[PDB]
Amino acid sequence: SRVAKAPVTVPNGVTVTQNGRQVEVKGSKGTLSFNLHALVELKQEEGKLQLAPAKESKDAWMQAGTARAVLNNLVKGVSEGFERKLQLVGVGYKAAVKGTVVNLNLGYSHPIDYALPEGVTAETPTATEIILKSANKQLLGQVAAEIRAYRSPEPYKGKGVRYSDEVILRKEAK
RNA sequence: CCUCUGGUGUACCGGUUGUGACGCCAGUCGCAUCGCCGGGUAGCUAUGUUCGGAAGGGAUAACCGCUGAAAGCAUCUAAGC
């Protein structure tokens with residue numbers, strides 16, 4: 001596996017520790033923990049990191065590749081972090097943030113109140129845009145997915161919640 | 001379930017035909033589908049009255065995902081959620 005063979009770099013300030021199988025990643029953003037498969041072994045030499053199979057099985061190579069990908073994502077997130085960005089399209093559609101809660105109007109008979117999970121923060125420079133930032137890429141993706149599922153876009157006029165870099169199929173009636 | 005609206009209510013009250021009897025008048029009783037007719041207490045009852053199928057958890061079906069390699073890309077799946 002090219003991924004599993006490629007190593008990852010610990011930039012300056014993040015410490016990665018291990019006990020049993022539970023790898024832990026520490027930095028400015030916060031703690032991030034990742035369990036490890038039985039067929040995968042981890043070698044920490046200098047600032048670089050190396051995942052390697054414990055046997056020659058293709059399954060072991062697969063587990064090594066996914067473990068390296070997830071650990072690289074964690075190392076990148078704990079130092080820099082990720083943000084997603086969300087756009088709203090349609091008249092009367094609006095968003096606001098009151099601390100940990102997002103208040104949304106999407107053309108229903110009642111406004112929607114979404115609680116944000118711990119670790120994800122949101123900002124609203126404008127009623128049309130939302131910015132979501134977190135250190136956990138999976139959590140950020142899940143929260144963005146739920147917000148989009150509240151009103152997914154439609155193809156005739158493109159109204160609804162959309163990702164920033166999302167291509168939306170457009171058609172024309174009759 | 002029987003407070004209300006009704007039905008039934010042959011041991012409750014009354015009107016009335018024929019006949020026989022209680023010595024006779026008066027007053028009563030037997031029999032005639034409870035003789036026939038008009039009402040009707042409890043109980044039972046519907047066509048009457050009240051109530052019920054409310055709300056909430058947990059695991060899922062089709063389906064929709066997050067992150068993610070095998071397969072440097074992509075991918076809901078193989079680890080995980």
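Naming: A, B, ... by sequence-line order, numbering from 1 per chain.
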### Query
Linking I/L/V/M/F/W/Y whenever their side-chain heavy atoms sit closer than 4.5 Å, directly or via other members, would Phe34(A) and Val8(A) fall into one cluster?
yes
### Message
Is it the case that the side chain of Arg84(A) and the backbone of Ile131(A) share a donor-acceptor pair, with hydrogens and angles ignored and the cut-off at 3.5 Å?
### Response
no
## Note on the structure
chi for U10(B) classified (syn = within 90 degrees of 0, anti otherwise) as syn
### Query
Is a donor on one side and an acceptor on the other found under 3.5 Å between the side chain of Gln63(A) and the backbone of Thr66(A)?
no
### Task
If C1'-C2'-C3'-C4' is positive it's north, if negative it's south, so which is the sugar of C37(B)?
north
### Query
When rounded to the nearest Å, what value does the distance between P atoms of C36(B) and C31(B) take?
13 Å
### Task
Just grab all the salt bridge (charged side-chain N to carboxylate O under 4.0 Å, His left out) pairs involving residues 61-72 of chain A, residues at least two apart or on different chains.
none
Using distance only, find each side-chain donor-acceptor pair of residues 9-27 of chain A under 3.5 Å and give its atom names and separation, not counting sequence neighbours.
residue  : atom : partner  : partner atom : Å
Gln18(A) : NE2  : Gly20(A) : O            : 3.3
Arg21(A) : NH2  : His37(A) : O            : 2.8
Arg21(A) : NH2  : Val40(A) : O            : 3.0

### Message
When the P atoms of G9(B) and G18(B) are compared, how many Å lie between them, rounded to an integer?
### Response
28 Å
### Query
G9(B) with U47(B): Watson-Crick or G-U wobble pair, both contacts under 3.5 Å?
no
### Message
Please give the distance between the P atoms of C64(B) and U77(B) as a whole number of Å.
### Response
12 Å
### Message
For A32(B), give the paired nucleotide (Watson-Crick: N1-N3 plus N6-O4 or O6-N4; G-U: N1-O2 and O6-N3; both under 3.5 Å), or none.
### Response
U17(B)
### Message
Only pairs with both distances under 3.5 Å count, Watson-Crick or wobble alike; so what is the partner of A78(B) in this structure?
### Response
none
### Query
Taking for each residue the nucleotide of RNA chain B with the nearest heavy atom, is it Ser1(A) or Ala145(A) whose nucleotide lies nearer the 5' end?
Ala145(A)
#### Entry: Distance, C1' atom - from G14(B) to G52(B), rounded to whole angstrom
48 Å
### Summary
Once the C1'-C2'-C3'-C4' torsion sign is read, positive north and negative south, the sugar of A70(B) turns out north
### Message
If you define the side chain from C-beta out and look only at heavy atoms, does anything of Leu86(A) sit under 4.5 Å from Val161(A)?
### Response
yes
### Query
Any side-chain heavy atom of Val78(A) within less than 4.5 Å of one from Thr31(A)?
no
### Separation between the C1' atoms of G53(B) and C2(B), rounded to whole Å
26 Å
### Task
Could you tell me if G40(B) and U41(B) satisfy the stacking criterion of six-membered ring centres under 5.5 Å apart and ring planes within an angle under 30°?
no
### Nucleotides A46(B) and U10(B) paired (Watson-Crick or wobble, under 3.5 Å)
no
### Message
Just to be sure I understand the rule, does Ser152(A) reach a base, reach only the sugar-phosphate, or reach nothing, if contact means heavy atoms closer than 4.0 Å?
### Response
nothing
### Message
Using the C1' atom as the point on both nucleotides, what is the distance between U16(B) and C44(B), in whole Å?
### Response
32 Å
### Flag, side chain of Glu166(A) to backbone of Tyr163(A), donor-acceptor distance under 3.5 Å
yes
### Summary
Note: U10(B) sugar, classed by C1'-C2'-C3'-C4' (positive north, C3'-endo side; negative south, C2'-endo side), is south
### Query
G72(B): syn or anti, with syn meaning chi within 90° of zero?
syn
### Message
Give the residues of residues 19-40 of chain A touching RNA chain B, defined as any heavy atom closer than 4.0 Å, sorted by residue number.
### Response
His37(A)
### Query
Does atom CD of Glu45(A) have more than 12 heavy-atom neighbours, drawn from other residues, nucleotides or ligands, at distances under 6.0 Å?
yes
### Message
Check for me whether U28(B) and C29(B) meet both conditions: six-membered ring centres under 5.5 Å apart and planes under 30°.
### Response
yes
### Query
Can you find a pair of side-chain heavy atoms, one from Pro155(A) and one from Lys171(A), that are under 4.5 Å apart?
yes
### Query
Which residues within residues 64-82 of chain A lie with some heavy atom under 4.0 Å of an atom in RNA chain B?
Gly65(A), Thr66(A), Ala69(A), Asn73(A)
### Query
Just curious, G72(B) north or south if you read off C1'-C2'-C3'-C4'?
south
### Message
I want to check something: taking the side chain as every heavy atom from C-beta on, are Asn103(A) and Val97(A) in contact at a cut-off of under 4.5 Å?
### Response
no
### Message
For the adjacent pair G9(B)/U10(B), please state whether the pyrimidine-type six-membered rings satisfy a centroid distance under 5.5 angstrom and an interplanar angle under 30 degrees.
### Response
no
### Message
For a quick check of understanding: with a heavy-atom distance under 4.0 Å over all strands, which category does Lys58(A) fall into, base, sugar-phosphate or nothing?
### Response
nothing
### Task
Using a cut-off of 3.5 Å for both contacts, decide if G43(B) and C81(B) are a Watson-Crick or G-U pair.
no
### Task
With the thresholds 5.5 Å for ring-centre distance and 30 degrees for plane angle, say whether the bases of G53(B) and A54(B) stack.
no
### Summary
Classified through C1'-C2'-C3'-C4' with positive north and negative south, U75(B) counts as north
### Query
Below 4.5 Å, heavy atoms only, C-beta onward: do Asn72(A) and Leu49(A) meet side chain to side chain?
no
### Query
For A11(B), does the glycosidic angle fall within 90° of 0 (syn) or outside that (anti)?
syn
### Message
Is there stacking between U60(B) and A59(B) - six-membered ring centres closer than 5.5 Å and planes within an angle under 30°?
### Response
yes
### Query
In whole Å, what separates the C1' atom of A11(B) from that of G43(B)?
15 Å
### Task
Please list, in 5' to 3' order, the outermost nucleotides of RNA chain B lying under 4.0 Å from any heavy atom of chain A.
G65(B) to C81(B)
### Query
For residues 118-144 of chain A, which residue pairs qualify under salt bridge (charged side-chain N to carboxylate O under 4.0 Å, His left out), counting only residues two or more places apart or in two chains?
none
### Query
Just wondering, do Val101(A) and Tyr114(A) contact through their side chains at under 4.5 Å, heavy atoms?
no
### Task
With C1' as the reference atom in both, quote the distance from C13(B) to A21(B) in angstrom, rounded to an integer.
26 Å
